[PDB]
Engineer: 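What follows is a structure written as structure tokens; I'll ask about it next.
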Amino acid sequence: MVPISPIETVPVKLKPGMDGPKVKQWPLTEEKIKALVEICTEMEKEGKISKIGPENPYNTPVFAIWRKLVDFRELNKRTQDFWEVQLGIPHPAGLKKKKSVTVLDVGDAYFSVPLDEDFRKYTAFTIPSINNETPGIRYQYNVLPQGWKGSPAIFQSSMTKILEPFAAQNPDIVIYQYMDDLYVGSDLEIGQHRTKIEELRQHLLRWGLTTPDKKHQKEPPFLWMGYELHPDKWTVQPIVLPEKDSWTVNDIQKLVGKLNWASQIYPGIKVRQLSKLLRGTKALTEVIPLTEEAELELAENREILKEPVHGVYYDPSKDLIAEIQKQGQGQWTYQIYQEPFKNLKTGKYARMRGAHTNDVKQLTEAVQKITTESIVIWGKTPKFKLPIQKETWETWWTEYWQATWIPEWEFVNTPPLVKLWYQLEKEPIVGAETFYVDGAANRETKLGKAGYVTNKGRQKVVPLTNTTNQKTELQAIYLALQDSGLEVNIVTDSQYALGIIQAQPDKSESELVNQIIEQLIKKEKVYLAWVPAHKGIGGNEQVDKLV
Amino acid sequence: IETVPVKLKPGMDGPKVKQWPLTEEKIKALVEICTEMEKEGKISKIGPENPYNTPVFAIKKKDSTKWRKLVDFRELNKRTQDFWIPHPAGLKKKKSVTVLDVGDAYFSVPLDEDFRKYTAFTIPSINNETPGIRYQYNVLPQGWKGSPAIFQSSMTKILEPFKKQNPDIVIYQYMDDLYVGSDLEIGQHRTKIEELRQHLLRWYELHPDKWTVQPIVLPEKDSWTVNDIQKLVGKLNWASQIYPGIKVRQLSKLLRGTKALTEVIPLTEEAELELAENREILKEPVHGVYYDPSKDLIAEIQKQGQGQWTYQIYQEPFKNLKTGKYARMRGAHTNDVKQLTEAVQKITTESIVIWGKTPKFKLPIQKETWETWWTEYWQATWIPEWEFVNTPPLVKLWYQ
Ligand SMILES: Cc1c(Oc2ccccc2OCCn2ccc(=O)[nH]c2=O)cc(N(C)C(=O)CF)c2ccc(C#N)cc12
């Protein structure tokens with residue numbers, strides 16, 4: 001016999017202060033018991049388990065469906081935490097084309113990885129005897145049990161340690177491990193590739209691990225995690241939008257799932273309205289009528305999802321490019337590619353929940369997201385194509401009160417273009433009228449007043465019902481914008497209104513703020529000055545609006 | 001040569017912080033560095049039984065083309081037991097201070113066995129292809145708060161001759177940095193620094209004297225417009241929260257009437273007297289401003305434009321312990337984030353020199369932008385805490 005190299009065991013402990021499992025065995029039928037006695041006899045003959053005496057106080061229930069299934073949920077609750085086998089799943093767009101990709105089944109290596117001997121006593125299980133007239137058969141696991149908490153991590157780390165020298169001494173190939181399957185790709189000639197595959201089978205056999213000489217079942221196109229992987233391209237598994245006369249909540253969640261999933265390769269997918277219908281529902285069986293905007297959006301989705309679209313694989317020798325388009329209502333779409341017309345992947349970005357916003361902030365956020373995703377997938381930041389003029393961005397970031405930055409980018413003339421809709425002046429305007437505004441409300445009756453007085457003697461006070469102080473302050477500014485010329489100075493005491501306008505929004509939840517924005521767009525020059533209230537600053541007439 | 005027992009605070013488990021994604025060049029740099037360190041025994045590979053993790057990335061210090069390994073030990077530091085020197089109050093009063101990187105010395109002292117598993121870090125893989133290379137430290141790691149505490153005895157033994165030779169030189173230690181303050185000439189200071197580095201070998205010009213606190217100043221004008229007076233009344237009203245006797249009613253008396261903003265208004269005599277009294281009040285220091293070692297230090301930064309940034313360090317509102325204006329231009333003329341990161345590093349350094357601890361920052365930047373880009377310009381061995389302010393503060397121009 002050729003000596004088999006031993007696989008180093010991983011020291012495993014339980015959670016601190018806890019004890020091993022002690023669960024009552026399920027009573028089983030005579031046929032199930034016989035089947036489990038046969039299966040466990042074979043496994044004991046193979047070395048996966050071993051008989052134990054009565055000194056072992058721990059027990060884990062066993063089942064059969066034969067097939068033996070051990071319910072390790074309690075031992076999983078009591079087992080230590082392990083380092084995650086995978087922090088995330090790879091993305092197909094990050095893969096690199098290979099001339100040959102072979103799949104090796106290392107499933108027989110799963111039960112060949114030994115378990116820490118001091119931990120085996122916690123895997124004890126009992127087969128009930130026939131009619132329970134004898135003591136049940138006591139077994140314990142000598143290898144990693146399927147279903148135990150630490151089996152995938154210990155298995156993957158052991159396989160990694162085994163594969164390390166082979167991968168090191170063969171840099172001209174690529175080895176990946178996923179569950180009980182290995183994937184070996186290379187650009188070598190097919191003969192050399194099969195040769196190095198045989199070399200890998202031998203190297204794995206030096207640990208007693210057997211790879212089947214049988215032709216593997218997996219073959220192109222690989223269907224994996226909702227993906228189709230082809231020799232030269234990748235895509236998502238076929239997305240079919242069903243034809244429904246009426247749509248419930250689970251139909252809309254399945255449709256937004258198919259659309260979110262399809263958005264990574266199909267450009268232009270929008271999910272704003274369909275997901276908007278699911279706002280604050282929390283009822284799975286509730287039928288919700290479909291808005292017209294959801295109908296137009298769904299029709300555009302069916303038009304985009306008409307024919308199949310594929311993504312290419314990553315070529316590290318070419319540059320990485322990400323182009324962004326605005327779609328309206330806080331929706332953005334982007335394509336990541338290296339050659340024109342051939343996308344690596346696509347995606348979308350929806351604006352965050354906010355009371356006020358502008359297009360430039362949303363574009364900045366989208367760029368940050370794309371940067372993070374690209375570093376995840378390809379390890380580098382892509383060069384951007386953005387629908388915004390260089391001068392627009394320069395004005396924005398130079399005048400913005402926050403610090404901001406986007407990486408290397410170039411302007412692409414793809415409307416709608418992100419633009420600055422208004423810019424406040426830095427100094428007062430000579431020759432322009434000066435509107436001193438103010439507003440006030442009663443906290444009980446919700447009655448208020450908003451108005452202004454100007455340096456030319458122009459005045460206005462308007463009474464308002466069902467309003468607040470903040471509302472009357474905004475309303476006062478709005479009145480000043482309404483009744484002034486193209487250039488106007490505005491003096492307020494509202495730190496609230498100044499806080500809103502200095503954030504430079506172009507859209508808002510409040511219709512009043514949107515009206516103020518629409519007024520600011522029409523102006524040529526607007527200077528907004530702030531003063532402390534109730535300090536006797538004339539012109540600023542608090543008494544005129546508190547009547 | 002002998003390990004000192006180290007433990008965690010009661011009831012606290014080890015750190016389990018997600019490793020953030022890295023570029024390919026930083027990953028390769030960390031692979032080379034960690035390979036060399038593993039050959040030197042400073043780190044060792046670990047198995048899946050170690051669930052703890054601390055983030056890691058790579059930087060390039062000033063005047064160097066070699067990559068350096070930075071470990072974000074913040075979570076482990078706040079989870080590590082408190083170790084137990086009064087802060088040298090004369091270090092900030094010295095004319096000049098030089099910062100030295102003494103992090104290599106820590107690697108000569110082994111780390112406590114049972115504690116090593118808490119220093120675990122992960123070199124990540126691109127696109128989650130491989131599980132990532134996991135390591136743990138066998139010696140004192142740079143960035144961990146226990147490293148200077150454990151090495152304090154050895155450091156005292158190494159610095160004992162130099163301290164006995166020059167009683168006029170102040171020596172402070174914080175994390176992996178050694179601050180050496182003196183009053184000599186720049187050439188004599190550099191030769192003395194070479195003397196200390198060759199003294200440490202066989203075993204950053206900073207001038208706090210050119211730093212002072214900044215008072216509130218008011219404009220001096222011969223003609224005042226309505227807008228000028230309005231801004232003056234606003235700034236004095238803001239200053240009245242800090243200084244008691246600030247009075248504005250005589251100046252607000254001039255704003256009576258609805259006048260154009262650009263209209264010149266002559267000051268009455270009562271307004272001039274009020275303004276002069278206010279200047280005199282602003283010339284004095286703030287009443288009852290003390291430092292409390294039991295409280296956190298808070299640092300606020302405002303972007304003033306044109307590469308200018310203002311900052312305040314305080315513990316209670318309107319009780320500023322330090323104020324300053326960083327306007328330095330060093331290869332960041334087109335990058336706001338780089339300027340902000342350098343500003344945070346300088347303010348943290350000053351705070352280390354003055355109080356011996358780092359402040360908590362309030363950064364005028366969106367969380368996603370900062371968290372996306374700050375590691376690209378970071379050059380310090382320590383990392384402070386920070387939060388993000390999303391509403392524009394009115395007081396910005398009152399610090400300009
Ligand atoms: C075929 C395959 C993977 O493919 C490669 C394996 C080795 C080298 C390079 C490779 O991809 C290059 C691109 N490529 C792709 C396909 C092709 O036919 N030709 C190609 O050139 C990678 C995977 N993933 C994501 C892993 O994590 C594996 F651990 C897989 C996961 C599940 C299944 C199934 N069922 C198949 C996988």
Side-chain angles (χ1 to χ4, degrees), chain A residues 84-107 109-110 152-153 155-164 166-168 170-190 192-201 203-204 209 211-212 214-216 219-238 261 264-265 308 310-318 320 336-339 342-345 373 376-379, chain B residues 21 124-133:
Chain A
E84 295 168 7
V85 29
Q86 52 199 77
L87 300 189
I89 85 176
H91 196 276
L95 311 179
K96 312 157 183 294
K97 209 187 308 172
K98 292 303 172 184
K99 283 195 180 67
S100 321
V101 168
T102 321
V103 185
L104 274 60
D105 181 22
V106 293
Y110 204 131
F155 176 74
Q156 184 188 243
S157 63
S158 306
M159 189 60 52
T160 296
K161 284 219 299 179
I162 291 174
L163 295 178
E164 184 171 342
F166 193 94
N170 300 266
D172 59 334
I173 69 174
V174 167
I175 305 182
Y176 292 152
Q177 31 184 158
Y178 180 82
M179 294 192 188
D180 63 328
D181 290 290
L182 298 181
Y183 298 87
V184 192
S186 69
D187 291 328
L188 302 178
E189 283 286 344
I190 185 65
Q192 296 179 295
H193 183 91
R194 303 176 196 263
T195 291
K196 294 208 170 189
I197 291 298
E198 287 313 285
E199 298 181 345
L200 177 57
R201 300 182 58 191
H203 177 83
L204 291 180
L209 307 186
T211 63
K214 158 175 289 186
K215 25 267 154 293
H216 207 272
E219 43 202 7
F222 302 92
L223 311 178
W224 166 82
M225 290 295 301
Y227 291 110
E228 291 190 11
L229 316 175
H230 302 258
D232 59 321
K233 60 188 178 300
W234 74 274
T235 188
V236 293
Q237 289 175 15
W261 181 254
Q264 57 182 303
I265 190 49
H310 304 270
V312 297
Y313 289 136
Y314 178 58
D315 177 16
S317 57
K318 299 175 180 177
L320 198 66
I336 307 179
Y337 64 86
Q338 305 184 274
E339 296 289 322
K342 296 178 184 176
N343 280 335
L344 283 168
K345 74 182 293 292
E373 184 182 54
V376 167
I377 299 179
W378 302 286
Chain B
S125 66
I126 303 179
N127 201 23
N128 301 329
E129 293 177 350
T130 82
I133 310 175

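So that the names make sense, note that chain A is the first sequence line, chain B the second, and so on, each numbered from 1. Both ligands and their constituent atoms are indexed starting at 1 by order of listing.
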Engineer: Which residue from A:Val174, A:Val101, A:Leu223 reaches closest to atom 35 (N) of ligand 1 through any of its heavy atoms?
Structural biologist: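 The residue whose heavy atom sits nearest atom 35 (N) of ligand 1 is A:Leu223.
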Engineer: Okay, side chain of A:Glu228, backbone of A:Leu223: is any donor-acceptor separation there less than 3.5 Å?
Structural biologist: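 Flag not set: sc A:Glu228 to bb A:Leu223 has no pair under 3.5 Å.
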Engineer: Within the 4.5 Å heavy-atom criterion, are A:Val106 and A:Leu204 side-chain neighbours or not?
Structural biologist: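 The answer is yes; the side chains approach within 4.5 Å.
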Engineer: Taking both backbone and side-chain atoms of A:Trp224, is any N or O found less than 3.5 Å from an N or O belonging to ligand 1?
Structural biologist: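 Between A:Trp224 and ligand 1 (N or O atoms, distance only) the closest approach is not under 3.5 Å.
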Engineer: Can you tell which part of A:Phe222 has a heavy atom less than 4.0 Å from ligand 1: side chain, backbone, both or neither?
Structural biologist: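 Answer for A:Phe222: side chain.
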Engineer: Measure from the side-chain N and O atoms of A:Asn343 to the backbone N and O of A:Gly311, and report whether any donor-acceptor pair falls under 3.5 Å.
Structural biologist: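 Not at all, since once roles are kept as given, no pair shorter than 3.5 Å links the two residues.
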Engineer: Just jot down the ligand 1 atoms closer than 4.0 angstrom to any heavy atom of A:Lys97, in number order.
Structural biologist: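 Contacts of ligand 1 toward A:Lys97, numbered from 1: 21 (O).
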Engineer: For ligand 1, which atoms sit closer than 4.0 Å to a heavy atom of A:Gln177?
Structural biologist: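 Here the atoms of ligand 1 in question are 29 (F).
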Engineer: With a 4.0 Å cut-off on heavy atoms, is A:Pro90 touching ligand 1?
Structural biologist: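 Per 4.0 Å heavy-atom rule, A:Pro90 contacts ligand 1.
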Engineer: Against heavy atoms of A:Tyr313, which atoms of ligand 1 measure under 4.0 Å?
Structural biologist: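 Taking each heavy atom of A:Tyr313 in turn, ligand 1 has 13 (C), 14 (N), 15 (C), 16 (C), 20 (C) under 4.0 Å.
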Engineer: Checking side-chain hydrogen bond (donor to acceptor under 3.5 Å, both in side chains) against A:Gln264, which of A:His91, A:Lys345, A:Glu373 comes through?
Structural biologist: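 By the side-chain hydrogen bond (donor to acceptor under 3.5 Å, both in side chains) criterion, A:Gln264 pairs with just one of A:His91, A:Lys345, A:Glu373: A:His91.
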Engineer: Evaluate side-chain hydrogen bond (donor to acceptor under 3.5 Å, both in side chains) for A:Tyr176 paired with B:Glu129, printing each intermediate quantity in order.
Structural biologist: CA-CA 7 Å; A:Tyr176 292 152; B:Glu129 293 177 350; 2.9 Å; yes
Engineer: Who gets closest to atom 19 (N) of ligand 1 by heavy atom: A:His230, A:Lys233, B:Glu129, A:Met179?
Structural biologist: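 Nearest heavy atom to atom 19 (N) of ligand 1 lies in A:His230.
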Engineer: Is it the side chain (CB and beyond), the backbone, both or neither of A:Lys96 that lies under 4.0 Å from ligand 1, heavy atoms counted?
Structural biologist: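 Within the 4.0 Å criterion, A:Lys96 contacts ligand 1 through backbone atoms alone.
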Engineer: Below 30° counts as parallel, above 60° as perpendicular, anything between as tilted: where do the rings of A:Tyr314 and A:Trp378 land?
Structural biologist: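 Taking A:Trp378 first and then A:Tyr314, their aromatic rings sit tilted (interplane angle of 30° to 60°).
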Engineer: How far apart are the C-alpha atoms of A:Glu199 and A:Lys196, what are their side-chain angles, what is the distance that settles it, and do they pass the salt bridge (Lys or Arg N to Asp or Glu O under 4.0 Å) test?
Structural biologist: CA-CA 5 Å; A:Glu199 298 181 345; A:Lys196 294 208 170 189; 5.4 Å; no
Engineer: Identify, by atom number and element, the atoms of ligand 1 in contact range of A:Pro231, meaning under 4.0 Å from any of its heavy atoms.
Structural biologist: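 Going through ligand 1 atom by atom, the ones under 4.0 Å from A:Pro231 are 17 (C), 18 (O), 19 (N), 20 (C), 21 (O).
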